[PDB]
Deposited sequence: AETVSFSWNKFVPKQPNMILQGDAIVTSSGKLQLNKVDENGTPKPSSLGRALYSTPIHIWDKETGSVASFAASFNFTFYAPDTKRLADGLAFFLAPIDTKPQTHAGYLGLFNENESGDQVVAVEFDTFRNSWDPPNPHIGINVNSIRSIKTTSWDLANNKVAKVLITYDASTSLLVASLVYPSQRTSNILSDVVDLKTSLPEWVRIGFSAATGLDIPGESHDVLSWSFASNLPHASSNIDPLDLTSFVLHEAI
């Protein structure tokens, strides 16, 4: 085996175990603030933040052909000056180490218009042409066109708690989101082949975009947990 794992109940400004890209930063108040905001705290359009964890993860193994199993979780929120007009979303993902930001807005900073090898779970607020009705949750295997999605019952300014799981044995990825304040929950599950989708080593992180021409909503990540196993 080969294992790793970490937990933070807060973000520490300037923490060396993290890598901030784009607009992303950490507040004195221990928030991971992915997008840029007004003094009033209002979001700025055409914004983009990413955040990754420094140590790369050994997700699969060529010789052995072994596949890691992982799990992650994190508390997060959003702020929408106007809830009738949201965009663009937030995502948790896995990418090559070298990873850098891609297209914004609708592409959630993870994908570029044409065809990085990315695996992602999206929390989408905005109906692109490829999107389904309503904000939803989706699995993204090398495309902004989710292989599966599900209605997401978002709640502005309220804390959502998230759970992600990868069962190597079934090759089945599961995502669940719960809002304790509203006693509400959504889940989603599908199969993903790590191997054909990613490099043996990856980096994980968060991505988030605001509306192109609109402010839509900010995206703050409050806490974060991760564990992984890779067997013999």
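Query raised in the report: How would you list, in order, the spans of the deposited sequence that the model does not cover?
Result: Missing from the model are residues 116-117, 235-253.
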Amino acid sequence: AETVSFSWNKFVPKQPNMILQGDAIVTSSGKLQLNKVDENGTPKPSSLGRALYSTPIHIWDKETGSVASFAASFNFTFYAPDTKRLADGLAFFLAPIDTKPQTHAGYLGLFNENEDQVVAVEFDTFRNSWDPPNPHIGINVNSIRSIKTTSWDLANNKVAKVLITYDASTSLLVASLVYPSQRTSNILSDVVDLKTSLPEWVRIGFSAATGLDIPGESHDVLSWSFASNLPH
From here on, numbers count along this sequence of modelled residues.
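Query raised in the report: For the stretches 139-147 and 104-112, which has the higher mean C-alpha B-factor as given in the deposited record?
Result: Result of the comparison: 104-112.
Requested in this report: Taking the mean of the C-alpha B-factors per stretch from the entry, tell me the winner out of 80-88 and 123-131.
Outcome: Between 80-88 and 123-131, it is 80-88.
Requested in this report: Using the entry's values, work out which of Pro180, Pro43, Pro199, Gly205 has the largest Cα B factor.
Outcome: Of the candidates given, the C-alpha B-factor peaks at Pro43.
Query raised in the report: Among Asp167, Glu39, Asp193, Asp190, which carries the highest Cα B-factor?
Result: Of the options given, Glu39 has the highest CA B-factor in the PDB entry.
Query raised in the report: Relative to the other modelled residues in the chain, which third contains the C-alpha temperature factor of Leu222: lowest, middle or highest?
Result: Within its chain, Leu222 is a lowest-third residue by C-alpha B-factor, going by the deposited values.
Query raised in the report: Comparing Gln33 with the other modelled residues of its chain, is its CA B-factor in the lowest, middle or highest third?
Result: For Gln33, whose C-alpha B-factor we compare with every modelled residue in the chain, the answer is the middle third.
Requested in this report: Please rank the C-alpha B-factors of the chain's modelled residues and tell me whether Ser69 sits in the lowest, middle or highest third.
Outcome: Middle third - that is where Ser69 ends up once the chain's C-alpha B-factors are sorted.
Report task. Ordered by C-alpha B-factor within the chain, which third holds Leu52? Give me lowest, middle or highest, please. Result -> Middle third of the chain for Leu52's C-alpha B-factor.
Query - Chain third (lowest, middle, highest) by recorded CA B-factor, residue given as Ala175 - result: Bottom third by C-alpha B-factor.
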